[PDB]
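Coordinate analysis (summary)
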Amino acid sequence: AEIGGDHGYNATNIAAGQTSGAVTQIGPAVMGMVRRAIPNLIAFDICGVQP
Amino acid sequence: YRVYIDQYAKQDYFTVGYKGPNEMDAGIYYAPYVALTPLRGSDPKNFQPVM
């Protein structure tokens, strides 16, 4: 008869693990990490180098 | 391009998207958690099955 319940679909409750049911969630798992991509260079064969 | 057909398109369009080699680099994520669980039972008053 115990209702597992649902979070409020509020970011705060989801992050904290607040559900409205019997059990309170530890934490919102881990799906991955997203990082900005590193751009490429135009190299330097378009002008002289002469180190 | 991998051209697909949205056969239930409402009027007319085309939508270009991206999908990299990675699963994090998607645009929109669809994360299955519980998948097509079958639940069966019977009603004792009539023994007929419910699925």
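Residues numbered from 1 in each chain as written, not as in the entry; some residues may be left out. Chains lettered and ligands numbered in written order. Part of a larger assembly, values for the part shown. Heavy atoms only, no water.

Its PDB header names cryo-EM as the technique used to obtain the model and reports a resolution of 3.4 Å.

To continue, consider the pattern of salt bridges. Residues and elements named next belong to chain B. Scanning the entire structure with this criterion turns up 2 salt bridges over all chains. We note a salt bridge from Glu23 to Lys19, for which the minimum N-O separation is 4.0 Å. The class of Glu23 is exposed, set by a relative accessible area of 56%. Overall, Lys19 belongs to the partly exposed group, its relative accessible area being 47%. Ionic pairing is found between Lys45 and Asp43, a salt bridge with its closest N-O pair at 3.2 Å. (Salt bridge = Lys/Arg side-chain N within 4 Å of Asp/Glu carboxyl O. Buried < 20%, exposed > 50% of the residue type's maximum accessible area, 1.4 Å probe, protein only.)

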